[PDB]
Amino acid sequence: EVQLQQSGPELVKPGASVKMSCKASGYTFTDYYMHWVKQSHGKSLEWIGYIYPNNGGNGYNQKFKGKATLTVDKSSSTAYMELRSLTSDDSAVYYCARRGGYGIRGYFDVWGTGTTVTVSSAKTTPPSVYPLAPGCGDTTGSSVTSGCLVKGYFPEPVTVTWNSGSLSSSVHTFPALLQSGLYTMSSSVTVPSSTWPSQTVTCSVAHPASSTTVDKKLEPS
Amino acid sequence: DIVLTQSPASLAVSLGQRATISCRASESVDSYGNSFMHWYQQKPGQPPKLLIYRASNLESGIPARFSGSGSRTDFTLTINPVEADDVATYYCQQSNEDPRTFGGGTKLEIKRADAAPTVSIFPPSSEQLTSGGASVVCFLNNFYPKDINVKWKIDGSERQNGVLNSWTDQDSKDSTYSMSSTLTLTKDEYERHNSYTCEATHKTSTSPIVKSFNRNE
Ligand SMILES: COc1cc(S(=O)(=O)O)c2ccc3c(S(=O)(=O)O)cc(S(=O)(=O)O)c4ccc1c2c43
Ligand SMILES: [Zn+2]
Ligand SMILES: [Zn+2]
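If you're matching them up, the sequences are chains A and B in order.
Under this note's numbering, the first sequence has 334 at position 179, and the numbering climbs by one with no breaks.
Under this note's numbering, the second sequence has 119 at position 111, and the numbering climbs by one with no breaks.
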């Protein structure tokens, strides 16, 4: 299928630049215009500009002229956007999108996987992972909720999986909130009483930004 | 530049019912006999996805429950019937003139029967206590509607602040929400008091749902 794979999340200091990529597959890269679009959390979409690969020509939203630059690498079916003089205003998700249809006025038929940009001074910090299990001597009642609290990390994001994904349907992931300039999120899973604690339960927490993974066994106190 | 105003900003619809989502442009978006307005669906966490192009044409792979109408300045996206996994934000976008522009989105919520939360409370882990921190956590799971108040009590006096509340997006299978509420203290303030309570107030009951523990057991 047509895919647009975008580069991973980027943390950049205020005033610095970032350059991000969008690799096309499943079609002829040089045959289509490539557009870029800003989405600021997690609401408004704004069109940035477009580039014709093969040829080409490029153009911009006036709002993005000083700010964005579009390039391509045809040999490697990769489109690029670079953003300069970054402010917290530019912290956002950036998408590339293929233009379809017969004309300049075409719709966007495929969107890329999105690149998240954080613009900040705060330093990359790994999270502390604490278990959330019962409790005070007893379990109650027919189902048991366990959790992990993932605390004090920067930047976003983390991934929490449970028993390497064996627990799935019951998992709740709670979006991260920023306290004291560090992120805290939590994740819960619920299992049958008759199963716990005999059947052991582990949450694995990944923070790619610090290359750290932590496993926590949900022991009872 | 063309402004698109969607409405409503937010829409609750029951399973099986018809959702109507409007978009008005500040200028006609018609040219050469066509209406250059498109609709996209964005499920949370995910890239947008094309539903309808040039006002009324269904993109392939998109079910015929989605349909678009309108020309000039007024456009409509209809979802009929609505299904549990239609929970998304829908966006209109014009491409009649540069720069392309987008409506501000309409968030589709599934309306379902009321459901009380299942509340679990958890003391600070001995791990965290070793760091000198102390978070008390309360999970409020599988409730509807989204609106819920959590009240934290320490030996019967209520605490704000140090409280972080965080909701999941609406479940795309059962249409419920979950919430976590975290009260963060210092290890020393934690160890100074005994009784900790998370009280959940929701429209299912005139009566708060309470979970408690006593630090000394
Ligand atoms: C009479 O002129 C027509 C007619 C059609 S039609 O196929 O629906 O008759 C068009 C159908 C589609 C058009 C498309 S689209 O495929 O990207 O939606 C773009 C343009 S455009 O103005 O040259 O960018 C057009 C410009 C003029 C166009 C049409 C398009
Ligand atoms: Zn005009
Ligand atoms: Zn759930």
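Where a beta carbon is used, it is the ideal one built from N, C-alpha and C, also for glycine.
Listed along the chain, the chain B residues whose CB falls inside 7 Å of the CB of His327/A are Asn149, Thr176, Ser186. Counting along the chain, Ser324/A sits inside no alpha helix (DSSP H), nor does DSSP assign it H or E at all. Contacts with chain A at 8 Å (Cβ-Cβ) do not include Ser77/B. Close to chain B, meaning a Cβ-Cβ distance shorter than 9 Å, are the following residues of the segment 166-195 of chain A: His190, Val192, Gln194.
Going down the chain, each residue whose beta-carbon is closer than 6 Å to a heavy atom of ligand 2 shows up: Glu35/B, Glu105/B. Between the alpha carbons of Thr271/A and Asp163/B lies a distance of about 43 Å.
With the criterion CB distance below 5 Å from any heavy atom of ligand 1, the matching residues run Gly256/A, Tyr257/A, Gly258/A, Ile259/A, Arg260/A, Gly261/A, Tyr40/B along the chain. A residue is called buried when at least 16 other Cβ atoms come within 10 angstroms of its Cβ; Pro282/A meets this threshold and is buried.
Annotation for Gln54/B: no alpha helix (DSSP H) segment contains it, and DSSP assigns it neither H nor E. Relative to the non-hydrogen atoms of ligand 3, the Cβ of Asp182/B comes within a distance shorter than 7 Å of at least one. For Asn150/B, the shortest C-beta to heavy atom distance toward ligand 3 is below 7 Å. For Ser133/B, there is no enclosing beta strand (DSSP E), as DSSP marks it with neither H nor E. Here DSSP, grouped into helix, strand and coil, assigns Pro216/B to coil. Contact check between the segment 199-213 of chain B and the segment 124-131 of chain B: three or more CB pairs, one atom from each, fall below 8 Å, which counts as touching. Where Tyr198/B is concerned, the enclosing alpha helix (DSSP H) starts and stops at 195-198. In chain order, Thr209 place their CB closer than 7 Å to the CB of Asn157/B, counting only its own chain and leaving out the 5 sequence neighbours on each side. Contact between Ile10/B and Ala33/B is confirmed by a C-beta separation of about 5 Å, below the 8 Å threshold.
With contact defined as three or more Cβ pairs closer than 8 Å, the segment 161-179 of chain B and the segment 326-335 of chain A are in contact. Counting only runs of 4 or more residues that sit fully inside the segment 291-321 of chain A, no alpha helix (DSSP H) segment turns up.
Remark: the shortest separation between the CB of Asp179/B and any heavy atom of ligand 3 falls under 7 Å. DSSP assignment within the segment 163-216 of chain A yields the following whole beta strand (DSSP E) runs of 3 residues or more, N-terminal first: 165-167, 173-180, 189-195, 199-206, 213-215.
Rounded to whole angstroms, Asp370/A and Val315/A show a C-alpha spacing of 10 Å. Shown here, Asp94/B sits in a helix according to DSSP, grouped into three states. Among the residues facing chain B, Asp264/A is included, as its CB has a counterpart in that chain under 8 Å away. Look at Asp82/B here: in three-state DSSP terms it is strand.
Look at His210/B: its beta carbon is at least 7 Å from all of the heavy atoms in ligand 3. Within the segment 129-143 of chain B, those residues whose Cβ lies closer than 9 Å to any Cβ of chain A are, in chain order, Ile129, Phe130, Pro131, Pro132, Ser133, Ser134, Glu135, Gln136, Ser139, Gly141, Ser143. For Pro125/B, no CB of chain A lies under 8 Å from its own CB, so it is not counted at the interface with that chain. It is roughly 8 Å from the alpha-carbon of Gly141/B to the alpha-carbon of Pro132/B. For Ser189/B, the closest of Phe147/B, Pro56/B, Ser68/B by C-alpha to C-alpha distance is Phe147/B. Here the alpha carbons of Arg80/B and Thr328/A stand approximately 43 Å from one another.
Within chain A, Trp202 have C-beta atoms less than 7 Å from the C-beta of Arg108/B, given in sequence order. For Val284/A, the enclosing beta strand (DSSP E) has its first and last residue at 283-287. Per DSSP, reduced to three states, the secondary structure at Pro89/B is coil, with no helix or strand assignment. Per DSSP, reduced to three states, the secondary structure at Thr209/B is strand.
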